[PDB]
Amino acid sequence: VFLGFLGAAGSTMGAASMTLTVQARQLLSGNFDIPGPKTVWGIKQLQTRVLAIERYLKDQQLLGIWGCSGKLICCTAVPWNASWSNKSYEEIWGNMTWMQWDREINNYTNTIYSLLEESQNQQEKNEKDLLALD
Amino acid sequence: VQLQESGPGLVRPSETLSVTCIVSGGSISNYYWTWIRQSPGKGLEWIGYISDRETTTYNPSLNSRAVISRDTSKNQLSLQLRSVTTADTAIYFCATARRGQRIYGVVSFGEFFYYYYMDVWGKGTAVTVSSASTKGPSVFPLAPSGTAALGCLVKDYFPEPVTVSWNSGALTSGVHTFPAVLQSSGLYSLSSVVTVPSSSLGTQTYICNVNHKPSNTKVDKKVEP
Amino acid sequence: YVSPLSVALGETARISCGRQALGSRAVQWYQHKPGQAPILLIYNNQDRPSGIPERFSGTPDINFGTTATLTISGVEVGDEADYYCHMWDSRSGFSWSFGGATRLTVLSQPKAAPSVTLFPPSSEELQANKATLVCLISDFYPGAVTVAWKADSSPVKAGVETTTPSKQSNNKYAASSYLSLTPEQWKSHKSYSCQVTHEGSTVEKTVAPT
Amino acid sequence: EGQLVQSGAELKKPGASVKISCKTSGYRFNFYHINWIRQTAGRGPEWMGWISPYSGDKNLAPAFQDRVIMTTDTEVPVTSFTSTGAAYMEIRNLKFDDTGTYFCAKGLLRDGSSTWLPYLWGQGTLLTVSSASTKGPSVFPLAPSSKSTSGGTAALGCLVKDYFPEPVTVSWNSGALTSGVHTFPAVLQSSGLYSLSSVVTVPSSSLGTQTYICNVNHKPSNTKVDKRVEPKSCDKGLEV
Amino acid sequence: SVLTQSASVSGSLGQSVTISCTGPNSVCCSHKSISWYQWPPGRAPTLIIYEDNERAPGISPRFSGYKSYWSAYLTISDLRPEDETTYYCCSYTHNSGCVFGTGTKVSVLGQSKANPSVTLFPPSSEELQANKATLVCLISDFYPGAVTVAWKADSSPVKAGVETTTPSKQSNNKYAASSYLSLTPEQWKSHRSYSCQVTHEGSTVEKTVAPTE
Amino acid sequence: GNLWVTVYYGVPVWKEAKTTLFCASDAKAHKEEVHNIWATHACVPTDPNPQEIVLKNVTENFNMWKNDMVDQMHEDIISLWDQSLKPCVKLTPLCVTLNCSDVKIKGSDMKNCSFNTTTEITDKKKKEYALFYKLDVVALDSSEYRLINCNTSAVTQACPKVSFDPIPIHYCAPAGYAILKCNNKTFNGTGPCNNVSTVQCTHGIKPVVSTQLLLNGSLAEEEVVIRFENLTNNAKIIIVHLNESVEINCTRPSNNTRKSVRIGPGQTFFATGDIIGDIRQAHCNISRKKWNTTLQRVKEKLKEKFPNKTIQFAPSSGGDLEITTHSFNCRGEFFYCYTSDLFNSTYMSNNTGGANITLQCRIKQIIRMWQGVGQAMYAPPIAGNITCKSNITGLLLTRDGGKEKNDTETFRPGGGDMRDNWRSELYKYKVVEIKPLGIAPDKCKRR
Ligand SMILES: *[C@@H]1O[C@H](CO)[C@@H](O[C@@H]2O[C@H](CO)[C@@H](O[C@@H]3O[C@H](CO[C@H]4O[C@H](CO[C@H]5O[C@H](CO)[C@@H](O)[C@H](O)[C@@H]5O)[C@@H](O)[C@H](O[C@H]5O[C@H](CO)[C@@H](O)[C@H](O)[C@@H]5O)[C@@H]4O)[C@@H](O)[C@H](O[C@H]4O[C@H](CO)[C@@H](O)[C@H](O)[C@@H]4O[C@H]4O[C@H](CO)[C@@H](O)[C@H](O)[C@@H]4O[C@H]4O[C@H](CO)[C@@H](O)[C@H](O)[C@@H]4O)[C@@H]3O)[C@H](O)[C@H]2NC(C)=O)[C@H](O)[C@H]1NC(C)=O
Ligand SMILES: *[C@@H]1O[C@H](CO)[C@@H](O[C@@H]2O[C@H](CO)[C@@H](O[C@@H]3O[C@H](CO[C@H]4O[C@H](CO[C@H]5O[C@H](CO)[C@@H](O)[C@H](O)[C@@H]5O[C@H]5O[C@H](CO)[C@@H](O)[C@H](O)[C@@H]5O)[C@@H](O)[C@H](O[C@H]5O[C@H](CO)[C@@H](O)[C@H](O)[C@@H]5O)[C@@H]4O)[C@@H](O)[C@H](O[C@H]4O[C@H](CO)[C@@H](O)[C@H](O)[C@@H]4O[C@H]4O[C@H](CO)[C@@H](O)[C@H](O)[C@@H]4O)[C@@H]3O)[C@H](O)[C@H]2NC(C)=O)[C@H](O)[C@H]1NC(C)=O
Ligand SMILES: *[C@@H]1O[C@H](CO)[C@@H](O[C@@H]2O[C@H](CO)[C@@H](O[C@@H]3O[C@H](CO[C@H]4O[C@H](CO)[C@@H](O)[C@H](O)[C@@H]4O)[C@@H](O)[C@H](O[C@H]4O[C@H](CO)[C@@H](O)[C@H](O)[C@@H]4O)[C@@H]3O)[C@H](O)[C@H]2NC(C)=O)[C@H](O)[C@H]1NC(C)=O
Ligand SMILES: *[C@@H]1O[C@H](CO)[C@@H](O[C@@H]2O[C@H](CO)[C@@H](O[C@@H]3O[C@H](CO)[C@@H](O)[C@H](O)[C@@H]3O)[C@H](O)[C@H]2NC(C)=O)[C@H](O)[C@H]1NC(C)=O
Ligand SMILES: *[C@@H]1O[C@H](CO)[C@@H](O[C@@H]2O[C@H](CO)[C@@H](O[C@@H]3O[C@H](CO)[C@@H](O)[C@H](O)[C@@H]3O)[C@H](O)[C@H]2NC(C)=O)[C@H](O)[C@H]1NC(C)=O
Ligand SMILES: *[C@@H]1O[C@H](CO)[C@@H](O[C@@H]2O[C@H](CO)[C@@H](O[C@@H]3O[C@H](CO)[C@@H](O)[C@H](O)[C@@H]3O)[C@H](O)[C@H]2NC(C)=O)[C@H](O)[C@H]1NC(C)=O
Ligand SMILES: *[C@@H]1O[C@H](CO)[C@@H](O[C@@H]2O[C@H](CO)[C@@H](O[C@@H]3O[C@H](CO)[C@@H](O)[C@H](O)[C@@H]3O)[C@H](O)[C@H]2NC(C)=O)[C@H](O)[C@H]1NC(C)=O
Ligand SMILES: *[C@@H]1O[C@H](CO)[C@@H](O[C@@H]2O[C@H](CO)[C@@H](O)[C@H](O)[C@H]2NC(C)=O)[C@H](O)[C@H]1NC(C)=O
Ligand SMILES: *[C@@H]1O[C@H](CO)[C@@H](O[C@@H]2O[C@H](CO)[C@@H](O)[C@H](O)[C@H]2NC(C)=O)[C@H](O)[C@H]1NC(C)=O
Ligand SMILES: *[C@@H]1O[C@H](CO)[C@@H](O[C@@H]2O[C@H](CO)[C@@H](O)[C@H](O)[C@H]2NC(C)=O)[C@H](O)[C@H]1NC(C)=O
Ligand SMILES: *[C@@H]1O[C@H](CO)[C@@H](O)[C@H](O)[C@H]1NC(C)=O
Ligand SMILES: *[C@@H]1O[C@H](CO)[C@@H](O)[C@H](O)[C@H]1NC(C)=O
Ligand SMILES: *[C@@H]1O[C@H](CO)[C@@H](O)[C@H](O)[C@H]1NC(C)=O
Ligand SMILES: *[C@@H]1O[C@H](CO)[C@@H](O)[C@H](O)[C@H]1NC(C)=O
């Protein structure tokens, strides 16, 4: 189902995965502001919408330093450590929501970010480089 | 209603003028009574008024020399004016006032005012102020001489006015009392003439009654050719 | 204090008040004739008491800017009087003044011939060492009258006391002249004549001692 | 922490109706179905039916499709992921084969092939349907006996005798005594009366240092009996 | 209930035991999903297996599920003492209701048998004031669920007023029961001693009280 | 059982954060043609088709008293006043000596003053006169007066081409953010909202600055709502959303006029010229039946927070006039009315009902708006009479303190802080940021 932007925030994680592209386009452009507000308080919105570009580019670069690029859903090669969540499939995607899930990952998210990059693609691109000559 | 004024006619300066106002055709405690005067060469001047609560308010031009009172027993109104001068010689009327409240906004804010106005008036009593003294009028009969005229001449009196009647209510059509003249002696003089048919002479009696209220000179003069 | 206003007979007269109101007004109009009680014509700007003719109207108080004006439709010879505009308003407090009078003069009135009557001195006056000739003029319009005295066709200059012309009941003017003489001067000249001239009409009456 | 509490045990007359409640806590009451499952002595366990607190969609068993009505109350949000809800089941035309233990239960998952499956079960509600009047019990004290001579252990308790409604609870010292407490099941007399006994094993040396009082509560009769067991032992193996 | 299970299966401590769950072509397998429930009598059950073989959250991997074209099976590996209770199976679809089976009682043998503790209590004086007498024989802490109580009034069997309860599973993997002998005061005074004899499968525990004591 | 981490970009997850929202000038007001409105100076178009999305199964926590949209709106209004009063004519040379005298009323207060101002040239000097209401200091006590603002701060006249009419303004959420909206009708104000919408822009909110009586607000659609910040703490604001709107019609009938006096090279100062017609103060009418019904409804609703305690209310405390008056704007003139007769009820039934209920109302011309970077604004006069109708939709009340648990509880009007004025419209909105990058174990692997 479509439902709309942020519609599946109460739905299950699997059902919310269907609408990744809906909540993706709303992260970038909020329709051009025609001629600009200028004046005194225009710098407020100017910096607030430059910070949006900065955040979006930081996310895209975090994707690019992983294997995930130009794609929303993306599988990787890092095994799910049991000390995170310690729950089964379908015990997750059919019982939990994405907010409730994020609640259970923040403690260990900064390390998963490291394993997904320093150990995954920094080794994977090295292998592909060393295996594209012979 | 009917209003009739009464006064002395003559008052010496540095004294107190006093006038009375007899009312008829109603009550005196349920109305408001004001006094108006008129000096020779001046318009109607407003003296003051007295209320049903028997409270008075006077014109600040009189210099607090006026005072008004009531008398419910005799159903009459009073007016007194102290320290009179020659400028206070005037005809005094008493009139009846009726309340009208002009409202132009919220009454609770005081957006209104009272506008004094008096529907009923009287004929007014004349009062003269002079250091001189009253004098009895000398009345002379003017014998008829072909146009048929029968007159009485009041030759010298002071002060005005003088009432000239002809057989009470028996002669009213042809009566003509000319206005008085101010002679260089300070004495007024007038003439009251009537037009009587020629056939009525020799058989009818014609007297002219002369009333001078200041100095009692009630004189009836019988005119004959 | 009088404001003169001449209005032709038959048309409509508009007497404007003397003082302009500073706010919502409450104007009265009084009609005062010489020697008569003042009449209340219009009170409360337009309210008319019992008896007042419909020819008199007052401008009612509406919005602001309207001048209090007394309108007399079809004036008559009996409407010549003093007109007082008692002006009340919300921005002047107690108004003791009745305002200056506006004496109305109705013109275009048919003239009248001055009726003259001459009276010689009386017997009781002759025996009182006095003499007065009484020249009574009445029923003439307008009031411009010139009284003159002659004695055996000779103009008398001194001893003349003439009243100012004043109209009475018929709205026609009436004047009185008195010639003061002594008993020996009365029998002196043979014929005394009062000659009045009104609008050029020169009419003369004569008396003789008998 | 999805703890779910049911209503209290009741006795109703045959032909009337009864409404059992089910109050929840620890989860979003609108996320999982509520199932009703009964257990009678005759036909064993039987599934009555489930209802969705979110959509109101229900599935009733055909056997109970006539005389059972399931309803739900709107949830009262506590936090972003917990709430307090209530589900009611009203059954009419009560008979003899309907006396037993009724359970409400929380569903398993929010989407899949076995969503409504009863996962978390409540403490149960005992429902008796008979014409017999509610008769209160007569609590009697039990004299202490010897359980171990060389160790010195006394066993003393209370007897709850003669009562018609099945459920009856027994505590010790207003719940301040939980060690050694053992409550035996009731018994079915030829007259239809139930009776049970509770016993606590205490040390034989704690006769003047601790007071043992048994509190018998019987809600269908709305009765409370506080009995004091006399520490005067009578067994010959304990007096030594 | 057309979904027939196993009547009663026994097992060895530490080993495994398999329970069967089968029924007609209308209410079994192939198209339907089978679940399993550990149902302690008088207490709330527990989900252990759903969707044929998928365990419930918190369930040890000892429990296993299987489904064939005609029967499903629940395998209990590494038998524990607390695994001695009743087990039911359910046959359901996605939008249907749960169809419970007949029931299966699993007995776990190979455990240390317990000596039955038997205690006899005579009626108190408060009950004597009510013209009633009740002897209470409480049995606790025994392993085999088979006990027979005999009441002897002065070494003579008693048939009337005897009410024996069914053995229930104690919370400590043991069994307990009780027996009540109802006697009138005339029969309470006209005897010298009463005896509750619980005959165990390998012993016999007798408790004798006396009205005079 | 044997899973791998997987990245999902764009998951419906949000986090509470602060940001600077946008604004919409509605349809730009092409029909007015004037470009002197505070909002139309720099706001995006209206986007005529809104997009509100319900979020099923979502229960989000809200707190209107800790809402940053309110603080942002307050700071925007404060920094907007000064930007509107910057290129306008200042009245610093008008700080001269004034002769002054009471109104004529040849036998309500408004002074008739005269001063020696500078003419078109600075070498010459002429004398002018104007009516300066009552906002004058005695200097040393026909008596010499002084302009009130020549004491502290300075004075600048409001540009006559700028109107004080409130335009519908609604804040829009920037990219990467969204506004969650509580659709529960009878809502606490703080707590978990049972069902939540999401939007980019809020509803058309009119910046109506006022005290005690909230005007042109949004009516709660199910009964009245009494929202507290702390029902135990007496020093906290109590906002009241009414069910029905209470008509309030205010007028200044005194036909005035404006004089444009020349002071300097090319700036003309507008002053209140002589009055033409009857004189009368400002006044507001509030229907007595509707206000009595509103009072009894708010009273019955206030009996919920206090079971066995009677509730009464009295007029404001007193002293400072700005706090104890229903101050607002009306076509330019800043009416400050008295609200003693509104909360002096129970013992109020004189003349068998006041029918219309009229409240006296003064007018000022030199205001200091919450001391916003000092300064002061001179409101130019409006030639003629003035009328303005409005809808009371909300109230601001404060509870007294002391040993009051015995009998009753008092609820006097308040205000002062203009942020509560914005809280009565931003109580249902909250701004959150989207955290779109999520990671979850799934069954797949690369290579
Ligand atoms: C907030 O609430 C407050 C309070 O609720 C509101 O405040 C009110 O505001 C209004 C508007 O200004 C004020 O009205 C002025 O009222 C006066 C008086 O009102 C009355 O009095 C009349 C006469 O009464 C008395 O006299 C009679 C004898 O004649 C006597 O028997 C009686 O006992 C009493 O003593 C009543 O007739 C009148 O009743 C009627 O009219 C009402 C309005 O239509 C209607 O609602 C009633 O049902 C009833 O039908 C009422 O009781 C008004 O006179 C005044 O009108 C004038 O003044 C303005 C200038 O200010 C002028 O331009 C107008 O033309 C009008 O002037 C006329 O009347 C003068 C005599 O008074 C006359 O001299 C003028 O020439 C002019 O006349 C012509 O018109 C009259 C008819 O008016 C006609 O008869 C003549 O023949 C001639 O053609 C105002 O309307 C309220 O007083 C005030 N209330 C309070 C408590 O302050 C406020 O407005 C509210 N604000 C908001 C924003 O909502
Ligand atoms: C917000 O929170 C919400 C709550 O948490 C959350 O909702 C949860 O949503 C999910 C997904 O939306 C729900 O998911 C599933 O549950 C369905 C249950 O049922 C449907 O069945 C109901 C009961 O039906 C019985 O009773 C009816 C009478 O009431 C009878 O008419 C029926 O025939 C049926 O009867 C049976 O029993 C009788 C004996 O009593 C017997 O005689 C008879 O023969 C029969 O066996 C219906 O009430 C219900 O009706 C509603 O909804 C549908 C769809 O919207 C409408 O069309 C209907 O008109 C009606 O309004 C349903 O019909 C399961 O069916 C469903 O299973 C299928 O899909 C999943 C994948 O999602 C598969 O894994 C699964 O195997 C099933 O697959 C099969 O069906 C699909 C088609 O669905 C088919 O394509 C496929 O090939 C295969 O054949 C799934 O398990 C969940 O229940 C909700 N929870 C709660 C508590 O409500 C919501 O999502 C959240 N987010 C939001 C809102 O954004
Ligand atoms: C502040 O200012 C505002 C605006 O100026 C005022 O609001 C107006 O208030 C008046 C009176 O309160 C309203 O007038 C009324 O309109 C009602 C509705 O009217 C019509 O609709 C009905 C629908 O059935 C039709 O049948 C009817 O023919 C009309 O087309 C009327 O019902 C009211 O009538 C009452 O009086 C008449 C006259 O006697 C009776 O015949 C009726 O039966 C009835 O009893 C009344 O006429 C007006 O509509 C309001 N305008 C707006 C825009 O809202 C505030 O009142 C004012 N407040 C204060 C405190 O000053
Ligand atoms: C759906 O997901 C929720 C989590 O969002 C699952 O609930 C959780 O269940 C576990 C047990 O499986 C609970 O853990 C326990 O916590 C208690 C705390 O007192 C502790 O004592 C226990 O030893 C155990 O560790 C956890 O608290 C609970 N969380 C919540 C929020 O309820 C739920 O089981 C899932 N449902 C399924 C898979 O059907
Ligand atoms: C210039 O500013 C000073 C502020 O420092 C002004 O002084 C203050 O004027 C107010 C207004 O009257 C005084 O307040 C009042 O106090 C009286 C009792 O004394 C009370 O009845 C009133 O309700 C009001 O609260 C205030 O006391 C006074 N402060 C000082 C320190 O004098 C001053 O008036 C201004 N104008 C000048 C100096 O011309
Ligand atoms: C919208 O939000 C409000 C609160 O922010 C929700 O209302 C609160 O709802 C609960 C249960 O619906 C009410 O509780 C009950 O009060 C009654 C009367 O005292 C009592 O008998 C009950 O046992 C229960 O305690 C609570 O009073 C109410 N809050 C207030 C201030 O009245 C409301 O439910 C939400 N809207 C929806 C559609 O859920
Ligand atoms: C606006 O909100 C107020 C909140 O107080 C509403 O007030 C009350 O409204 C109810 C209707 O839901 C009135 O109740 C009923 O009372 C009458 C007797 O007066 C009875 O016959 C009905 O059966 C019903 O029970 C209630 O009286 C009224 N006042 C109070 C103090 O509670 C008002 O109705 C709302 N108006 C609109 C247009 O939504
Ligand atoms: C409405 O406001 C009241 C006042 O704070 C809330 O009451 C408190 O709620 C919190 C959160 O559950 C509890 O921890 C407190 O113990 C409550 N205190 C009192 C005195 O009630 C209430 O929860 C709010 N309700 C909603 C739906 O927002
Ligand atoms: C929250 O619940 C209320 C009550 O059901 C919803 O209110 C209605 O919303 C629909 C959809 O816009 C309108 O057509 C109705 O007119 C509303 N009625 C009332 C009485 O409010 C509200 O939309 C829900 N909001 C969310 C986000 O789910
Ligand atoms: C305020 O005072 C001024 C001056 O005292 C008033 O102006 C005088 O008004 C009269 C009549 O309108 C004029 O003849 C004078 O020439 C004016 N004086 C000056 C200096 O201009 C003014 O009228 C007063 N205000 C009001 C409303 O009456
Ligand atoms: C999970 O992470 C912890 C902490 O770094 C580590 O000790 C553990 O070995 C990890 N487990 C796996 C399966 O990698
Ligand atoms: C203005 O200046 C004149 C002298 O030119 C002076 O007489 C007058 O008093 C001054 N005005 C005031 C208000 O003092
Ligand atoms: C509410 O008031 C109480 C007592 O005054 C205080 O303890 C508490 O912190 C307050 N809560 C707030 C201000 O959020
Ligand atoms: C309420 O108003 C009346 C009438 O003006 C007044 O007498 C009374 O004192 C007022 N009450 C209060 C508490 O101010």
# chains A, B, ... in the order shown; residues from 1 in each chain; ligands from 1

$ interface_residues --of "chain D" --to "chain A" --cutoff "8 Å" --atoms "only C-alpha atoms" --output "PyMOL selection string"
chain D and resi 81+109-112

$ write_last_selection --atoms "N, CA, C and O atoms" --output "CSV table (one decimal), in the first residue's frame"
chain,number,residue,atom,x,y,z
D,81,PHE,N,4.9,3.1,23.0
D,81,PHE,CA,4.9,1.7,22.7
D,81,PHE,C,4.1,0.8,23.7
D,81,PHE,O,3.9,-0.4,23.5
D,109,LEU,N,2.0,-12.4,16.4
D,109,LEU,CA,2.7,-11.4,15.6
D,109,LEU,C,1.7,-10.4,15.0
D,109,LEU,O,0.5,-10.6,15.1
D,110,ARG,N,2.3,-9.4,14.4
D,110,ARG,CA,1.4,-8.3,13.8
D,110,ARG,C,1.2,-8.6,12.3
D,110,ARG,O,0.3,-7.9,11.7
D,111,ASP,N,1.9,-9.5,11.6
D,111,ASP,CA,1.7,-9.8,10.3
D,111,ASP,C,2.4,-11.2,10.0
D,111,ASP,O,3.4,-11.5,10.5
D,112,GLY,N,1.7,-11.9,9.1
D,112,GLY,CA,2.3,-13.2,8.7
D,112,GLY,C,1.2,-14.3,8.5
D,112,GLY,O,0.1,-13.9,8.0

$ interface_residues --of "chain C" --to "chain B" --cutoff "7 Å" --atoms "only C-alpha atoms" --output "PyMOL selection string"
chain C and resi 1+24+26+28+36-38+40+88+90+96-98+100-101+122+124+161+163+176

$ residues_around --residues "residue C:81" --least-positions-apart "2" --cutoff "7 Å" --atoms "only C-alpha atoms" --output "list in words"
residues 31, 32, 33, 79, 83, 103 and 104 of chain C

$ residues_around --residues "residue D:196" --least-positions-apart "3" --cutoff "8 Å" --atoms "only C-alpha atoms" --output "PyMOL selection string"
chain D and resi 159-161+183-187

$ residues_around --residues "residue A:31" --least-positions-apart "6" --cutoff "12 Å" --atoms "only C-alpha atoms" --output "list in words"
residues 25 and 49 of chain A; 44, 45, 46, 47, 172, 173, 174, 175 and 200 of chain F

$ residues_near_ligand --ligand "ligand 6" --cutoff "12 Å" --atoms "only C-alpha atoms and all ligand atoms" --output "PyMOL selection string"
(chain D and resi 73-78+83-86) or (chain F and resi 59-63+182-196+222-228+301-305+307+428)

$ residues_around --residues "residue B:74" --least-positions-apart "4" --cutoff "12 Å" --atoms "only C-alpha atoms" --output "ChimeraX atom specification"
/B:20-24,27-29,70,78

$ atom_distance --atom1 "atom 14 (O, counted along the ligand's line) of ligand 1" --atom2 "atom CA of residue F:284"
15.5 Å
